[PDB]
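To keep things clear, I will list the structure first and then write my remarks on it.
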Amino acid sequence: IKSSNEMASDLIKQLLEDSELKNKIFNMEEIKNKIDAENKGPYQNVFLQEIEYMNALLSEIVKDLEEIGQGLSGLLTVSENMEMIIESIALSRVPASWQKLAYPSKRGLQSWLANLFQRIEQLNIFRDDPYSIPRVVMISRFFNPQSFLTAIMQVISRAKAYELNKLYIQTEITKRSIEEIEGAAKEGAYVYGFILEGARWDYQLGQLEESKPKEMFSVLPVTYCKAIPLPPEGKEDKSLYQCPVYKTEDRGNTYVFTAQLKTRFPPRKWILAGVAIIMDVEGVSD
Amino acid sequence: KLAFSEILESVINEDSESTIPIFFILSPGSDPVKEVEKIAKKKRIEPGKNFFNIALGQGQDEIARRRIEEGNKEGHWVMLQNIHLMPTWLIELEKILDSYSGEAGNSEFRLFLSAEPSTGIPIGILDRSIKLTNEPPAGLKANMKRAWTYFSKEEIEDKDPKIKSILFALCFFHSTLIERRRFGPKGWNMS
């Protein structure tokens with residue numbers, strides 16, 4: 001006597017209506033009015049774009065959930081795409097309609113929802129005091145993390161009188177945890193949520209090293225993503241290895257940007273070992 | 001323990017009498033025609049005149065139609081290959097085999113047919129048939145061994161010690177690309 005597909009949805013419906021989703025929906029006008037629009041920096045614009053994408057996702061899941069919840073209990077014509085959402089919810093796959101909105105990350109439905117609330121909770125600490133940016137940003141939990149990396153270069157193009165184009169993003173990996181308080185020191189935004197697969201970052205040495213036999217993913221500590229001008233000529237550095245970051249474990253056309261991290265070994269070693277950073281692994285604490 | 005030649009020998013002999021055509025689903029780097037010709041020669045004395053290893057190409061579809069028609073009433077088996085190449089003629093072939101199931105028409109006739117695994121093969125032909133995959137052994141060694149085997153002994157022996165050394169390294173390079181595929185993201189990133 002195992003719970004039917006249409007019961008398994010009603011349960012997830014109740015968990016998502018016991019959680020204040022319709023409240024979690026952002027109100028664009030209220031947040032825009034809190035911003036003066038004279039002192040509005042680049043960061044502010046990127047978040048406002050993120051909460052719009054989120055508010056467009058969060059509306060879509062609440063609508064498709066209250067529509068199937070209405071269609072389950074109450075008398076209503078059962079749409080073809082609604083049965084497809086019920087079926088997918090029984091399997092514990094994320095639905096196709098929901099997946100198309102927001103981030104491309106591959107998680108189980110209960111993990112997806114738990115991650116979605118950490119996305120919301122990164123924006124619920126923006127809403128309160130927008131002008132004051134969080135000291136350590138969580139690049140893991142954006143929609144376009146790429147759009148946030150343009151933003152950090154924008155802030156340095158105001159401070160220093162040279163072209164935004166000529167800046168590339170440099171990634172210094174820090175020995176400090178999220179304990180540290182010195183918030184957004186000149187030239188960079190501190191960052192967390194980078195997860196290195198294929199190798200192991202040593203903390204004490206501060207260098208890329210060989211992966212521990214059983215431990216598959218070594219989570220990187222806080223990353224002081226600097227902006228700095230490009231080199232004059234095409235130069236190759238042995239010390240640094242140019243590891244690409246990807247939004248998901250899949251690593252297929254989810255390339256955000258190339259990072260640079262210290263290696264005593266030859267770089268050729270690491271490109272062959274398939275070394276890359278990743279945002280979402282399902283090895284993210286709490 | 002049965003390798004492949006002994007499997008095909010067993011499944012041709014024990015079953016596949018007639019009306020049940022013997023299907024060969026093949027992967028790149030596989031030849032069904034050599035194995036069937038060997039097994040064909042042990043059971044019956046075949047000079048490749050009694051039985052025909054007809055290759056399906058545009059225009060030769062009408063010759064295959066005459067060969068399969070001649071085969072039934074005579075009692076000699078017709079090997080077709082690269083079946084997938086004509087999707088139109090397979091809907092025509094299905095209609096011929098349906099006619100010969102009720103007719104039933106010399107015994108000790110067979111239809112060996114070999115296709116590449118593709119969509120747009122008719123259901124009716126695949127259903128009735130005895131299907132048999134001969135997949136080549138996967139592995140760095142088995143894939144490096146196949147890389148040499150490919151190059152004609154006579155060509156490489158003649159070539160000087162320098163060039164055959166750099167060919168050996170290139171065979172391994174070609175092998176280690178195919179063997180990387182196996183690991184999903186951490187491997188290639190693209191098929």
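Chain lettering (A, B, ...) mirrors the order of the structure tokens, residue numbering begins at 1 for each chain separately, and ligand numbering begins at 1 in order of display.
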Subject >> Contacts of residue 179 in chain A at 10 Å (only C-alpha atoms; same-chain gap of 3+ positions) as a PyMOL selection string >> reply: chain A and resi 136+176+182
Write out the residues from the selection above, keeping N, CA and C atoms, as a PDB file, in the first residue's frame.
```
ATOM      1  N   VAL A 136      31.067  38.503   2.047  1.00  0.00           N
ATOM      2  CA  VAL A 136      31.365  37.273   1.249  1.00  0.00           C
ATOM      3  C   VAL A 136      30.129  36.916   0.425  1.00  0.00           C
ATOM      4  N   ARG A 176      41.657  32.349   4.903  1.00  0.00           N
ATOM      5  CA  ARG A 176      40.532  32.709   5.811  1.00  0.00           C
ATOM      6  C   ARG A 176      39.276  31.912   5.428  1.00  0.00           C
ATOM      7  N   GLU A 182      36.318  41.729   7.339  1.00  0.00           N
ATOM      8  CA  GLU A 182      36.802  42.823   6.444  1.00  0.00           C
ATOM      9  C   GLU A 182      36.070  42.727   5.098  1.00  0.00           C
TER      10      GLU A 182
END
```
Cut-off 8 Å: closest chain A/chain B atom pairs per residue, using only C-alpha atoms, as JSON lines:
```
{"residue": "A:197", "atom": "CA", "partner": "B:186", "partner_atom": "CA", "distance": 7.9}
{"residue": "A:198", "atom": "CA", "partner": "B:186", "partner_atom": "CA", "distance": 7.1}
{"residue": "A:249", "atom": "CA", "partner": "B:185", "partner_atom": "CA", "distance": 6.9}
{"residue": "A:250", "atom": "CA", "partner": "B:185", "partner_atom": "CA", "distance": 5.5}
{"residue": "A:251", "atom": "CA", "partner": "B:185", "partner_atom": "CA", "distance": 5.9}
{"residue": "A:252", "atom": "CA", "partner": "B:189", "partner_atom": "CA", "distance": 5.6}
{"residue": "A:274", "atom": "CA", "partner": "B:186", "partner_atom": "CA", "distance": 5.4}
{"residue": "A:275", "atom": "CA", "partner": "B:186", "partner_atom": "CA", "distance": 7.6}
```
**OP:** Using CA of residue 84 in chain A and CA of residue 65 in chain A as the two end points, give the distance in Å to one decimal.
**Re:**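 CA of residue 65 in chain A lies 12.3 Å from CA of residue 84 in chain A.
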Subject >> Top pick for closest residue to residue 50 in chain B, considering B:178, B:71, B:83, B:111 and counting only C-alpha atoms >> reply: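 The closest residue to residue 50 in chain B is B:71.
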Subject >> residue 142 in chain A surroundings by only C-alpha atoms, 12 Å radius, close-in-sequence under 4 positions cut, as a ChimeraX atom specification >> reply: /A:46-54,102-105,115-116,118-123,137-138,146-149,192-193,247,256,279-280
Subject >> Test item: residues at most 12 Å from residue 207 in chain A, only C-alpha atoms, excluding those fewer than 6 positions along its chain, as number ranges by chain >> reply: A: 172-175, 199-201, 220-221, 239-241, 260-265
**OP:** Write out as an MDAnalysis selection string all residues of range 58-264 of chain A that backbone DSSP assigns to strand (DSSP E).
**Re:** chainID A and resid 137:138 167:173 188:192 195:197 200:201 208:209 217:219 223:229 240:241 244:246 255:258 261:262
Expected file contents, prior selection, C-alpha atoms, as a short mmCIF file (atom, residue, chain, number, x, y, z; two decimals), in the first residue's frame:
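After the write, part.cif holds the following:
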```
data_model
loop_
_atom_site.label_atom_id
_atom_site.label_comp_id
_atom_site.auth_asym_id
_atom_site.auth_seq_id
_atom_site.Cartn_x
_atom_site.Cartn_y
_atom_site.Cartn_z
CA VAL A 137 29.11 36.81 -1.85
CA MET A 138 27.94 33.22 -2.72
CA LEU A 167 40.12 44.35 -17.15
CA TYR A 168 40.02 40.53 -16.70
CA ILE A 169 39.02 38.87 -13.36
CA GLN A 170 41.90 37.39 -11.20
CA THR A 171 41.00 34.79 -8.45
CA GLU A 172 43.18 34.84 -5.25
CA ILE A 173 42.30 31.82 -2.98
CA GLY A 188 37.83 42.66 -5.33
CA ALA A 189 34.64 41.04 -3.98
CA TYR A 190 35.36 38.02 -1.66
CA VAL A 191 33.43 34.90 -2.92
CA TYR A 192 32.38 31.42 -1.57
CA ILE A 195 34.08 23.36 -5.47
CA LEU A 196 37.22 21.88 -7.15
CA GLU A 197 36.76 18.41 -8.77
CA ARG A 200 42.66 18.81 -4.06
CA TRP A 201 43.46 22.38 -2.91
CA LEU A 208 46.57 22.69 -6.06
CA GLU A 209 47.72 19.10 -5.07
CA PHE A 217 35.48 16.95 -4.42
CA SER A 218 37.66 19.44 -2.40
CA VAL A 219 35.55 22.59 -1.54
CA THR A 223 38.08 33.48 -3.12
CA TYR A 224 39.03 37.24 -3.29
CA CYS A 225 37.97 37.64 -7.00
CA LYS A 226 40.11 40.73 -7.95
CA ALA A 227 39.80 42.81 -11.15
CA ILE A 228 43.21 43.75 -12.73
CA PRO A 229 44.36 44.83 -16.27
CA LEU A 240 49.08 29.30 -12.24
CA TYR A 241 46.76 26.70 -13.91
CA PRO A 244 37.42 26.58 -16.12
CA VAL A 245 34.45 27.00 -13.68
CA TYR A 246 31.07 25.46 -14.71
CA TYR A 255 31.29 27.56 -18.69
CA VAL A 256 31.10 30.82 -16.62
CA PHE A 257 34.81 31.91 -16.59
CA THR A 258 38.44 30.67 -16.35
CA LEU A 261 45.08 28.86 -8.98
CA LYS A 262 48.68 28.12 -7.74
#
```
Original post:
Near residue 12 in chain B, within 12 Å and counting only C-alpha atoms, which residues show up once chain neighbours fewer than 2 positions away are dropped, as a ChimeraX atom specification?
Top reply: /B:5-10,14-18,20-23,35-36,39-40,42-43,77,108-112,129-132
**OP:** Using backbone DSSP assignments, extract all helix (DSSP H, G or I) residues from range 7-51 of chain B; output them as a PyMOL selection string.
**Re:** chain B and resi 7-14+32-43
Subject >> For residue 116 in chain B: contacts at 10 Å, only C-alpha atoms, fewer than 6 positions along chain excluded, given as a PyMOL selection string >> reply: chain B and resi 24-28+81-85
Could the residues in this selection be written to a file with N, CA, C and O atoms, as a tab-separated table (two decimals), in the first residue's frame?
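So the final result, stored in selection-v4.tsv, reads:
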```
chain	number	residue	atom	x	y	z
B	24	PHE	N	21.71	-8.89	-37.53
B	24	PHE	CA	23.04	-8.48	-37.01
B	24	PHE	C	23.04	-6.98	-36.73
B	24	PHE	O	23.24	-6.19	-37.68
B	25	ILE	N	22.83	-6.58	-35.48
B	25	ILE	CA	23.06	-5.19	-35.00
B	25	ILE	C	24.57	-5.06	-34.75
B	25	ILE	O	25.09	-5.82	-33.91
B	26	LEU	N	25.24	-4.14	-35.45
B	26	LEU	CA	26.72	-4.02	-35.48
B	26	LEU	C	27.13	-2.62	-35.00
B	26	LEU	O	26.39	-1.66	-35.29
B	27	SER	N	28.26	-2.53	-34.29
B	27	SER	CA	28.92	-1.26	-33.88
B	27	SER	C	30.08	-0.96	-34.82
B	27	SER	O	30.57	-1.86	-35.49
B	28	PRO	N	30.53	0.32	-34.93
B	28	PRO	CA	31.72	0.64	-35.73
B	28	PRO	C	32.94	-0.18	-35.29
B	28	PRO	O	33.26	-0.18	-34.11
B	81	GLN	N	23.23	-7.08	-46.07
B	81	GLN	CA	24.06	-6.25	-45.15
B	81	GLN	C	23.89	-4.77	-45.49
B	81	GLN	O	23.57	-4.46	-46.66
B	82	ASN	N	24.12	-3.90	-44.50
B	82	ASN	CA	23.88	-2.44	-44.58
B	82	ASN	C	22.41	-2.23	-44.99
B	82	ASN	O	22.14	-1.56	-46.00
B	83	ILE	N	21.51	-2.83	-44.20
B	83	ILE	CA	20.03	-2.88	-44.39
B	83	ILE	C	19.47	-1.46	-44.21
B	83	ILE	O	18.57	-1.08	-44.98
B	84	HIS	N	20.00	-0.72	-43.23
B	84	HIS	CA	19.62	0.67	-42.84
B	84	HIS	C	19.71	1.65	-44.02
B	84	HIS	O	18.99	2.67	-43.96
B	85	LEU	N	20.56	1.39	-45.02
B	85	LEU	CA	20.89	2.33	-46.13
B	85	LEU	C	19.66	2.70	-46.96
B	85	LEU	O	19.69	3.79	-47.55
```
**OP:** Would you work out the distance separating CA of residue 15 in chain A from CA of residue 248 in chain A, expressed in Å to one decimal?
**Re:**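 Rounded to one decimal, the two atoms are 26.4 Å apart.
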Subject >> Atom-to-atom span, CA of residue 76 in chain A and CA of residue 112 in chain A, Å >> reply: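 One can read the CA of residue 76 in chain A to CA of residue 112 in chain A distance as 28.5 Å.
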Subject >> Residues within 12 Å of residue 64 in chain B, only C-alpha atoms, excluding chain neighbours under 4 positions, as a list in words >> reply: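 Counting only C-alpha atoms, the residues come to residues 52, 53, 54, 55, 56, 57, 58, 59, 60, 68, 69, 70, 71, 77, 78, 79, 80, 81, 83, 89, 90, 92, 93, 96, 111 and 113 of chain B.
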Give me a file of those residues, with N, CA, C and O atoms, as a compact mmCIF listing (two decimals), in the first residue's frame.
```txt
# COMPACT_ATOMS: atom_id res chain seq x y z
N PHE B 52 24.31 -16.27 -51.18
CA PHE B 52 24.72 -14.94 -51.72
C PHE B 52 24.85 -13.94 -50.57
O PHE B 52 23.88 -13.79 -49.81
N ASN B 53 26.01 -13.27 -50.48
CA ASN B 53 26.29 -12.19 -49.49
C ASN B 53 26.04 -10.84 -50.17
O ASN B 53 27.00 -10.07 -50.36
N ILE B 54 24.77 -10.58 -50.51
CA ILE B 54 24.30 -9.38 -51.27
C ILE B 54 24.47 -8.14 -50.38
O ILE B 54 23.93 -8.14 -49.27
N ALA B 55 25.21 -7.14 -50.86
CA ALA B 55 25.37 -5.81 -50.22
C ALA B 55 24.29 -4.87 -50.75
O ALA B 55 24.24 -4.68 -51.98
N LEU B 56 23.45 -4.33 -49.87
CA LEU B 56 22.31 -3.46 -50.25
C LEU B 56 22.83 -2.06 -50.60
O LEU B 56 23.31 -1.36 -49.68
N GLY B 57 22.75 -1.69 -51.88
CA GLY B 57 22.96 -0.32 -52.40
C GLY B 57 21.86 0.05 -53.38
O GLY B 57 21.22 -0.87 -53.93
N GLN B 58 21.64 1.36 -53.59
CA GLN B 58 20.58 1.91 -54.47
C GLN B 58 20.76 1.35 -55.89
O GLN B 58 21.85 1.54 -56.46
N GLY B 59 19.73 0.67 -56.41
CA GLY B 59 19.74 0.00 -57.72
C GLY B 59 19.79 -1.52 -57.59
O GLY B 59 19.12 -2.20 -58.40
N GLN B 60 20.55 -2.03 -56.61
CA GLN B 60 20.71 -3.48 -56.33
C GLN B 60 19.57 -4.01 -55.44
O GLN B 60 19.58 -5.22 -55.14
N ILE B 68 16.05 -13.13 -52.90
CA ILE B 68 15.20 -13.60 -51.77
C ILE B 68 14.04 -14.44 -52.32
O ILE B 68 13.68 -15.45 -51.67
N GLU B 69 13.48 -14.05 -53.47
CA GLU B 69 12.38 -14.78 -54.18
C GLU B 69 12.91 -16.13 -54.67
O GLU B 69 12.21 -17.15 -54.48
N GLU B 70 14.11 -16.14 -55.27
CA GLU B 70 14.81 -17.35 -55.77
C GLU B 70 15.20 -18.25 -54.59
O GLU B 70 15.09 -19.48 -54.73
N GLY B 71 15.64 -17.66 -53.47
CA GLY B 71 16.12 -18.36 -52.27
C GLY B 71 15.07 -19.30 -51.68
O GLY B 71 15.41 -20.47 -51.44
N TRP B 77 20.44 -19.88 -48.59
CA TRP B 77 20.18 -18.70 -47.72
C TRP B 77 20.91 -17.45 -48.23
O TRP B 77 21.99 -17.59 -48.80
N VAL B 78 20.29 -16.28 -48.06
CA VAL B 78 20.68 -14.98 -48.68
C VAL B 78 21.11 -14.01 -47.57
O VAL B 78 20.23 -13.55 -46.82
N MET B 79 22.40 -13.69 -47.51
CA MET B 79 22.98 -12.73 -46.53
C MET B 79 22.82 -11.32 -47.11
O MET B 79 23.43 -11.05 -48.16
N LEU B 80 21.99 -10.48 -46.49
CA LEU B 80 21.91 -9.02 -46.78
C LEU B 80 22.74 -8.27 -45.73
O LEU B 80 22.93 -8.82 -44.64
N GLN B 81 23.23 -7.08 -46.07
CA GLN B 81 24.06 -6.25 -45.15
C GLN B 81 23.89 -4.77 -45.49
O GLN B 81 23.57 -4.46 -46.66
N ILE B 83 21.51 -2.83 -44.20
CA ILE B 83 20.03 -2.88 -44.39
C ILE B 83 19.47 -1.46 -44.21
O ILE B 83 18.57 -1.08 -44.98
N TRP B 89 12.82 0.69 -48.90
CA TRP B 89 12.79 -0.73 -49.36
C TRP B 89 12.47 -1.69 -48.21
O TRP B 89 12.04 -2.82 -48.50
N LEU B 90 12.68 -1.29 -46.95
CA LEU B 90 12.43 -2.15 -45.77
C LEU B 90 10.92 -2.31 -45.54
O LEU B 90 10.51 -3.41 -45.14
N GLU B 92 8.88 -2.29 -48.02
CA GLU B 92 8.67 -3.23 -49.16
C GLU B 92 9.11 -4.65 -48.76
O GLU B 92 8.38 -5.60 -49.11
N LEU B 93 10.26 -4.80 -48.08
CA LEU B 93 10.81 -6.11 -47.64
C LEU B 93 9.88 -6.78 -46.62
O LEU B 93 9.69 -8.00 -46.71
N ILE B 96 7.12 -8.59 -48.27
CA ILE B 96 7.58 -9.85 -48.93
C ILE B 96 7.61 -10.99 -47.90
O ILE B 96 7.09 -12.07 -48.22
N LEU B 111 17.48 -16.03 -44.06
CA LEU B 111 17.75 -14.63 -44.45
C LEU B 111 18.55 -13.97 -43.33
O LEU B 111 17.94 -13.53 -42.34
N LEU B 113 20.44 -10.72 -42.22
CA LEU B 113 20.37 -9.28 -42.57
C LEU B 113 21.03 -8.45 -41.46
O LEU B 113 20.74 -8.71 -40.28
```
